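Counting from 1, the numbers follow the sequence of the chain as shown. Counting starts at 1 for both ligands and their atoms, following the listed order. Atoms considered below: every heavy atom in the structure, side chains included; atoms not considered: hydrogens, waters and symmetry mates.
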Amino acid sequence: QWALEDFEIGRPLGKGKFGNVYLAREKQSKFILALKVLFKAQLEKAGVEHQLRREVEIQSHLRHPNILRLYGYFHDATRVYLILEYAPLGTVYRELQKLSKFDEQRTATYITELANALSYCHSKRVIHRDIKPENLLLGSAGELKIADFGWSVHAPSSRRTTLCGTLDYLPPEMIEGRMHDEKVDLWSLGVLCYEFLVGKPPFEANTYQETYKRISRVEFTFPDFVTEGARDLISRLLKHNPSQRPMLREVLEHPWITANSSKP
Ligand SMILES: Nc1ncnc2c1ncn2[C@@H]1O[C@H](COP(=O)(O)OP(=O)(O)OP(=O)(O)O)[C@@H](O)[C@H]1O
Ligand SMILES: [Mg+2]
């Protein structure tokens, strides 16, 4: 349905493992969007041609205001192009670098949007598994949008696919190569909540082997400015036992969330 000559390419929006994301405009409608470019050679070498099929299949059939839209795809002989909704206020990763940390109001609002979006995914037995600040984008009204469904799968799942990045947002069960379900995203929510308030994830380290030990043992401490209410929600989500992690409804109902989350 689409080809490269249908778009006017603009500036790079960001960079990923298999290529860049560019701002683009559809020549006929003048529709501004983003094009995620992936090199075929790289996907073959890494053996991630599946995963890319999953990202397209899963994300194309999701419709939620806090989930980034995947309008379609196309390809040539060398590259694969994903047609995405353009998020104009960038990443939560960049916002965090600018502010250093976020207040309870901004944190609680982001956690609400994330829990709402994850509740919709989990209803369709879709587990994201790669909820990282670089994958959380911002709409024109500054609302959070979950993006990058490359690691998404239908639950329950095991993993043969090896992890090549930081272990900071991954639960003990994923790190150990064990079985897992939707409770993986509940752990990631707790890691993000801590990082939004503190400015660094609770198991950050100089080495991968050290991070693994901290995650495996659930070895974290709160700075003095973290409030009782915030400590309570983070400590409820960062449970070694996946079955002990709360339901997303309990996250949305938490007193600290209700008290600081901005109302639409
Ligand atoms: N629609 C978009 N609007 C604005 N910026 C975007 C958009 N999509 C991606 N970006 C930017 O490009 C970066 C890379 O995008 P993305 O997470 O989709 O790629 P990836 O990490 O390489 O993919 P994968 O995990 O599937 O292998 C983002 O972190 C962000 O900075
Ligand atoms: Mg990414």
Tell me: protein heavy atom nearest [atom], and distance?
atom                    : value
atom 1 (N) of ligand 1  : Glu85 O, 2.7 Å
atom 16 (P) of ligand 1 : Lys36 NZ, 3.7 Å
atom 24 (P) of ligand 1 : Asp148 OD1, 3.0 Å
atom 11 (C) of ligand 1 : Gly14 CA, 3.8 Å
atom 4 (C) of ligand 1  : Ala87 O, 3.6 Å

Quick one: does [X]'s side chain get under 4.5 Å of [Y]'s, heavy atoms only?
X      : Y      : answer
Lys213 : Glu219 : no
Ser152 : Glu55  : no
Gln59  : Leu68  : yes

Requested in this report: May I ask you to check whether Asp148 brings an N, O or S atom to under 2.8 Å from the Mg ion (ligand 2)?
Outcome: yes

If you count the atoms of ligand 1 from 1 in the order shown, which ones are under 4.0 Å from a heavy atom of [X]?
X      : answer
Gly150 : 26 (O)
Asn135 : 17 (O)
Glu55  : 26 (O)
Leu68  : 1 (N)
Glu134 : 28 (C), 29 (O)
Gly16  : 22 (O)
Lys17  : 22 (O)

Checking side-chain polar atoms at under 3.5 Å, does [X] have a donor or acceptor matched by the opposite partner on [Y]?
X      : Y      : answer
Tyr81  : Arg79  : yes
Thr107 : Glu104 : no
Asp76  : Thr78  : no

Nearest candidate to [atom], where distance is taken over non-hydrogen atoms, out of [options]:
atom                    : options                     : value
atom 15 (O) of ligand 1 : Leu13, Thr91, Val21, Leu136 : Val21
atom 14 (C) of ligand 1 : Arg94, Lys15, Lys145        : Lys15
atom 2 (C) of ligand 1  : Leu137, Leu33, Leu84        : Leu137

Query raised in the report: Where's the contact between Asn20 and ligand 1, heavy-atom distance under 4.0 Å: side chain, backbone, both or neither?
Result: neither

Report summary line: Checking heavy atoms under 4.0 Å, the part of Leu52 that sits near ligand 1 is neither

Query raised in the report: Is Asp185 paired with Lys183 through a side-chain N to carboxylate O contact shorter than 4.0 Å?
Result: no

Query - Salt-bridge contact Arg125-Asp181 (side-chain N to carboxylate O under 4.0 Å) - result: no

Query raised in the report: Is the centre of the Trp2 ring less than 6.0 Å from the centre of the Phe7 ring?
Result: yes

Query raised in the report: Is the distance between the ring centroids of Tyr71 and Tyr73 under 6.0 Å?
Result: no

Query raised in the report: ring-ring contact (aromatic ring centres under 6.0 Å, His included) between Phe102 and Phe196: does it pass, once the steps are laid out?
Result: CA-CA 5 Å; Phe102 303 148; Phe196 293 164; 5.5 Å; yes

